[PDB]
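Peer 1: First portion of the complex, with coordinates as positioned in the assembly:
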Amino acid sequence: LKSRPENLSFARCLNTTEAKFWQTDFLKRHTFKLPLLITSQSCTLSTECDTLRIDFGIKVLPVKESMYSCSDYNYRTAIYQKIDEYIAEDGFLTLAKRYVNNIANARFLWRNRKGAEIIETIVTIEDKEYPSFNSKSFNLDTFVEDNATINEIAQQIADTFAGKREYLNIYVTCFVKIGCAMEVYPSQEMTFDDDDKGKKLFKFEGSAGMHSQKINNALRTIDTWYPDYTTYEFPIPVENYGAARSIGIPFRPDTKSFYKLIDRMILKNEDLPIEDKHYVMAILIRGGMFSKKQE
Amino acid sequence: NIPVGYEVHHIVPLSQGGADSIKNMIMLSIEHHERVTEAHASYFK
């Protein structure tokens, strides 16, 4: 164990389905639903209904076997040992609570969150309808660990994370009221075309939808243990260098970039604070191809 | 940044074998650039 191997690649542990939109009414949202078609295309809500519904899902796998490819067995044994130590220390409860709080506060609505008058999200685990969420009463920076249903979901997702069950399926639906004949904001696509440089929205299964990458990026916005956090006081999405495009400052440029933490954790075997353990386990949850040159 | 009302114009035209080096252009007025361009287009073409 002197350096990272030639090949090292980790598959993700949190798969997200693509989203799709629907139109309905708040008083009859439990009965009927109408498709939200795409009309420089720009989608808009119809002139009769006044509620927008978004449905998607998450598949979760345990972290231990989530490693896809590696080149050295000693590195794999060291990684497994460190993961076992982290499991025996806390049990993945903090990251689980942060993820379920990011679900609860509905950070996946993005621009559609602003201007809404009521939001209500429903999460169902193994055909069991959990109590509803009032997502309006949730600050974007708080990470409260006191809601009973939040803890109930958090224990299950943490148990799925560590070693308890081979898989978990989560299904999320949400109704947001924005008014009548308003405008919604779906995702977009690349524009490599040399003509018609206008926006091309995301058409999923004929209706309007949002990319899975956007939902995942909204969900994994839980990093608060970055340096100079007390001077900014806002969570950032989890990334290797900690770069945040919202401001333009890399919060983990050199000393807290994931490569050096994992090198000090594995090769030097030095102990680390619990914040660094949280960041490393979150990065391993996200996955990547943290590989190395021949040296 | 580029001054307002001033553009980069190469003294030696690039279409007639000009060089893309520092010593090849001088900034000129928004009108004198057009005058030099029209005179060069009239002389050559």
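Peer 2: Perfect, thanks for sending it. Numbering: from 1, shown residues only, chains lettered A, B, ... in the order given.
Peer 1: Does residue A:281 touch residue A:96 like I think?
Peer 2: No - between residue A:281 and residue A:96 there is no contact under Cβ atoms under 8 Å: 10.9 Å. Quick note: C-beta positions are derived from backbone N, CA and C, even for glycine.
Peer 1: out of the two, which sits in the more crowded spot?
Peer 2: residue A:96 (23 against 20; other Cβ atoms under 10 Å in any protein chain shown).
Peer 1: ok, residues contacting the host helix or strand of that one?
Peer 2: Using DSSP states H and E, residue A:96 sits in helix A:93-104. Residues outside helix A:93-104 that contact it (Cβ atoms under 8 Å, 6 or more residues apart in numbering or on different chains) are A:14, A:121, A:123, A:133, A:135, A:138, A:143-145, A:147, A:150-151, A:153-155, A:157-158, A:161, A:172, A:218-222, A:278, A:281-282, A:285.
Peer 1: phi, psi of residue A:240?
Peer 2: phi -60, psi -60 (degrees, to the nearest 10).
Peer 1: Once you drop chain neighbours, what's closest to it?
Peer 2: Closest residue to residue A:240 apart from its sequence neighbours, by Cβ to Cβ, 6 or more residues apart in numbering or on different chains: residue A:258 at 4.9 Å.
Peer 1: Count the neighbours of that neighbour for me.
Peer 2: 22.
Peer 1: same thing with residue A:116?
Peer 2: Neighbours of residue A:116 using other Cβ under 10 Å come to 17.
Peer 1: Check which residues of stretch A:112-119 are buried.
Peer 2: For stretch A:112-119, the neighbour count (16 or more other Cβ atoms under 10 Å in any protein chain shown) marks A:112-113, A:116, A:119 as buried.
Peer 1: Name the nearest of those residues relative to residue B:7.
Peer 2: Comparing the buried residues of stretch A:112-119 against residue B:7 with Cβ to Cβ picks out residue A:112 as the nearest, at 44.4 Å.
Peer 1: residues touching the nearest residue to residue B:5 once chain neighbours are set aside, list them.
Peer 2: Distances taken as Cβ to Cβ, 6+ apart place residue B:30 nearest to residue B:5, at 4.9 Å, with adjacent residues excluded. Contacts for residue B:30 (Cβ under 8 Å, 6+ apart) come out as B:5-7.
Peer 1: cool, and residue A:111?
Peer 2: Taking Cβ under 8 Å, 6+ apart as the test, what residue A:111 contacts is residue A:185.
Peer 1: Compute the distance between it and residue A:214, please.
Peer 2: Going from residue A:111 to residue A:214 by Cβ to Cβ, to the nearest Å gives 11 Å.
Peer 1: And for residue A:136?
Peer 2: Per Cβ to Cβ, residue A:136 is found 21 Å from residue A:214.
Peer 1: Show me which of those two is the more surrounded one.
Peer 2: Taking other Cβ under 10 Å, residue A:136 and residue A:214 do not tie; residue A:214 has more neighbours (18 against 14).
Peer 1: Quick check: which element contains the more buried one?
Peer 2: Counting by DSSP H and E, residue A:214 is found in helix A:212-219.
Peer 1: Return the list of helices and strands in contact with that helix.
Peer 2: Under the contact definition 3 or more Cβ pairs under 8 Å, 6 or more residues apart in numbering or on different chains; DSSP states H and E, helix A:212-219 sits against strand A:14-16, helix A:93-104.
Peer 1: Can you spell out which helices and strands pack onto whatever helix or strand comes next after the longest one?
Peer 2: If I follow you right, that is helix A:93-104. Per DSSP H and E, the first helix or strand lying C-terminal to helix A:93-104 is strand A:118-124. On a contact count with 3+ Cβ pairs under 8 Å, 6+ apart, strand A:118-124 meets helix A:93-104, strand A:133-134, strand A:168-177.
Peer 1: same structure, new chain, call it chain C:
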Amino acid sequence: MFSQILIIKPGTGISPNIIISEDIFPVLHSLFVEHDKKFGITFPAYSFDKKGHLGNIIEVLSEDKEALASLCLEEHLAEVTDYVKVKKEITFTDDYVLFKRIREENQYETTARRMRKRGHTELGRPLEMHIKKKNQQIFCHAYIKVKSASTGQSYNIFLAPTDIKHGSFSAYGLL
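Peer 2: Take a look at chain C, now in place beside the chains above:
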């Protein structure tokens, strides 16, 4: 020159310009046209560059402390608490940089009929590329997207700081 401060919350998911041009600006414009309009607008984060980036902090100024108290910025804004933060601290500021509007040339076919109804010369194509001159600078400053409240349309208000420490403010707040 008592000043009230508002801070745009970062790392939310919406650009600060959209929050400025969506809820804050119409509210302050309505409050200004309701009141004497003497309150001024300040941006204590302005940084001109190749592109005129705006900043993240909103400041409002008044001669009278009780005028800013009656403006009740704490009142309303109960739906943007997750995007902007108001503070109940008002004090006279040592520096108060005012901003001036740089409204200019509109378009070719827009100005065509209103230039032909007085300037009957019908100059046509030549020298009208001079408009491509002026916008070349003016499309480098900070601006705000605003919908025309009266004449059912929308336009951009371009602004830049100015050294005049006193004067008469507009309906929006600019000098």
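Peer 1: mind redoing what packs on strand A:118-124 now chain C's in there?
Peer 2: Secondary elements touching strand A:118-124 (3+ Cβ pairs under 8 Å, 6+ apart): helix A:93-104, strand A:133-134, strand A:168-177.
Peer 1: hey, which of those is tucked in deepest?
Peer 2: Highest mean neighbour count of the helices and strands packed on strand A:118-124: helix A:93-104, a mean of 22 (counted as mean count of other Cβ atoms under 10 Å in any protein chain shown).
Peer 1: wait, does it contact chain C?
Peer 2: No - Helix A:93-104 is not in contact with chain C by Cβ under 8 Å from any Cβ of the partner chain; minimum separation 11.8 Å.
Peer 1: Strands along chain B, start to end?
Peer 2: Secondary structure of chain B (DSSP state E): strands at B:6-10, B:25-29.
Peer 1: Redo those as TSV? Include mean neighbour count and distance to residue C:112.
Peer 2: Shown next, in TSV, are these (neighbours: other Cβ atoms under 10 Å in any protein chain shown; distance: least, Cβ to Cβ, whole Å):
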stretch	mean neighbour count	distance to residue C:112
strand B:6-10	14	27
strand B:25-29	13	27
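Peer 1: Which among those strands is found nearest to chain A?
Peer 2: Nearest to chain A, of all these, is strand B:6-10, at 25.6 Å by Cβ to the nearest Cβ.
Peer 1: For chain C, which residue gets nearest to chain A?
Peer 2: For chain C, Cβ to the nearest Cβ, closest residue to chain A: residue C:11, 3.8 Å.
Peer 1: which one is that residue nearest to, not counting chain neighbours?
Peer 2: Closest to residue C:11 by Cβ to Cβ, 6+ apart is residue A:234, at 3.8 Å.
Peer 1: Hmm, residue C:13 and that neighbour touching each other?
Peer 2: No - Residue A:234 is not in contact with residue C:13 according to Cβ under 8 Å; the separation is 11.2 Å.
Peer 1: These two: who's more crowded?
Peer 2: Neighbours per residue (other Cβ under 10 Å) separate residue A:234 from residue C:13, with residue C:13 holding more: 19 against 16.
Peer 1: how far away is that one from residue C:7?
Peer 2: 17 Å.
Peer 1: What of residue A:254?
Peer 2: Separation of residue A:254 from residue C:7 (Cβ to Cβ) stands at 29 Å.
Peer 1: got it, and residue A:128?
Peer 2: In terms of Cβ to Cβ, residue A:128 sits 42 Å off from residue C:7.
Peer 1: For whichever residue of the stretch 101-250 of chain A sits closest to chain B, grab phi and psi.
Peer 2: Of all residues in the stretch 101-250 of chain A, residue A:248 sits closest to chain B, at 19.6 Å by Cβ to the nearest Cβ. Backbone torsions of residue A:248, given as degrees, to the nearest 10, read phi 110, psi 20.
Peer 1: what's around the residue of chain C closest to chain A, how many residues?
Peer 2: Close neighbours of residue C:11, defined as other Cβ under 10 Å, add up to 16.
Peer 1: now the helix holding residue A:96 and strand A:168-177, what's the angle there?
Peer 2: Inter-element angle recorded for helix A:93-104 and strand A:168-177: 30 degrees (by axes from the mean of the first three to the mean of the last three Cα atoms, to 10 degrees).
Peer 1: Tally up the residues packed near the residue of chain B found nearest chain C, please.
Peer 2: When distances are taken as Cβ to the nearest Cβ, chain B reaches nearest to chain C at residue B:4, 4.7 Å away. Neighbourhood size, residue B:4 [other Cβ under 10 Å]: 12.
Peer 1: OK, contacts around it?
Peer 2: Counting by Cβ under 8 Å, 6+ apart, residue B:4 has contacts C:136-137.
Peer 1: Go again with 10 Å.
Peer 2: By Cβ atoms under 10 Å, 6 or more residues apart in numbering or on different chains, the contact list for residue B:4 reads B:30, C:133-134, C:136-138, C:140.
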